[PDB]
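**Student:** need coordinates for the below:
(one chain, ligands or ions: 1)
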Amino acid sequence: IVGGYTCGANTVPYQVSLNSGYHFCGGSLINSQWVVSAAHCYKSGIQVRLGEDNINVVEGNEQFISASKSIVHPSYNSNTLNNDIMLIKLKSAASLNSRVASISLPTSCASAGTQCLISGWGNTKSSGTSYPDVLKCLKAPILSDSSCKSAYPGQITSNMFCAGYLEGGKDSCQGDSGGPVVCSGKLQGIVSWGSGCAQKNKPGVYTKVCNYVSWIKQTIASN
Ligand SMILES: [Ca+2]
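**Tutor:** Numbering: from 1, shown residues only. What follows is the structure:
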């Protein structure tokens, strides 16, 4: 997150870190045994880390649970990042309390103007590299489809939306990928892509989760 703030320990209780020896992507806990992330975060050997604040220090609220199965969206295209979503099942159910909690799936899509909370352990600099140890947060609005398409001609599909600030300075970034965009208490987006980070007229591009609720539900029901 560039131009955000320190969230506060365990204030984003559905935020997970995906670890393969090191943090490499975010995710969102959507029930005791399943995480939603970005398909471009796919790899084998994932451990899901819940209850994290400082990802480099054991602080006492962590749960570390191996993935038993990963499911990349059937129509994921890695060249265009269309359908940039994947589900991860935990080998065991997480214990849910105030500091580790699921986030509700949307029943309807969000619209431009709605403010949302974006969170992660990604890069904090736009022209530089600094990775935080504690979870960072950014409040940002959803942008219009037309401004989104204007920023990124020929690249925005119906499974993507833009959020952030066209003036630059505030954005998600590398290492935030896969993590949440929560608006009015619903998971509306997944950190997916962007040209650099926090660049003028290059807002963040997010997977449009409301389009995938049917797929998420049926996948969970059968796996
Ligand atoms: Ca920790």
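
**Student:** keeping just the C-alphas, turn stretch 144-161 into PDB.
**Tutor:** What follows is stretch 144-161, C-alpha atoms only, in PDB (Å, rounded to 0.1, in the frame of the first residue of the first chain):
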ATOM      1  CA  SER A 144     -16.400   5.000 -12.800                       C
ATOM      2  CA  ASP A 145     -16.200   2.300 -15.500                       C
ATOM      3  CA  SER A 146     -15.600   5.200 -18.000                       C
ATOM      4  CA  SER A 147     -12.700   6.700 -16.100                       C
ATOM      5  CA  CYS A 148     -11.300   3.200 -15.600                       C
ATOM      6  CA  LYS A 149     -11.400   2.400 -19.300                       C
ATOM      7  CA  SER A 150     -10.000   5.900 -20.100                       C
ATOM      8  CA  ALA A 151      -7.000   5.200 -17.900                       C
ATOM      9  CA  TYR A 152      -6.400   1.700 -19.400                       C
ATOM     10  CA  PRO A 153      -7.800   1.700 -23.000                       C
ATOM     11  CA  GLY A 154      -8.600  -1.800 -24.300                       C
ATOM     12  CA  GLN A 155      -7.700  -3.600 -21.000                       C
ATOM     13  CA  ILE A 156     -10.700  -3.300 -18.700                       C
ATOM     14  CA  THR A 157     -13.200  -6.200 -18.800                       C
ATOM     15  CA  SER A 158     -16.500  -6.600 -17.100                       C
ATOM     16  CA  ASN A 159     -14.700  -8.500 -14.400                       C
ATOM     17  CA  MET A 160     -12.600  -5.600 -13.400                       C
ATOM     18  CA  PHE A 161     -13.100  -2.200 -11.700                       C
END
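
**Student:** okay, now residue 163: neighbour count?
**Tutor:** Neighbour count for residue 163, taken as other CB atoms under 10 Å: 27. From N, CA and C alone the C-beta is placed, and that goes for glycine too.

**Student:** could you pull up phi and psi at it?
**Tutor:** For residue 163, the backbone dihedrals (degrees, to the nearest 10) come out as phi -150, psi 150.

**Student:** test my guess that it contacts residue 144.
**Tutor:** No: using CB atoms under 8 Å, residue 163 makes no contact with residue 144, being 10.7 Å away.

**Student:** buried stuff in the longest helix anywhere in the chain?
**Tutor:** Taking DSSP state H as the criterion, the chain has its longest helix at helix 213-221. Buried positions in helix 213-221, judged by neighbour count with 16 or more other CB atoms under 10 Å: 215, 216, 219.

**Student:** which of those lies closest to the ion?
**Tutor:** Nearest to the ion among the buried residues of helix 213-221, counting by CB to the ion, is residue 216 at 27.5 Å.

**Student:** in contact with that closest one, which residues?
**Tutor:** 30, 36, 87, 105 (CB atoms under 8 Å, 6 or more residues apart in numbering).

**Student:** re earlier: so how far is the longest helix of the chain from its chain's centroid?
**Tutor:** With CA atoms, centre = their mean, to the nearest Å as the basis, helix 213-221 stands 18 Å off its chain's centre.

**Student:** and the helices in the protein, which stretches?
**Tutor:** Using DSSP H, helices in the chain cover 145-151, 213-221.

**Student:** of all the contacts of residue 216, which two lie farthest apart?
**Tutor:** 87 and 105 (11.8 Å; CB to CB).

**Student:** tell me the domain ranges of the chain?
**Tutor:** Domains of the chain are assigned by CATH domains of a matching chain as 1-12+103-210, 13-102+211-223.

**Student:** cheers, nothing more for now.
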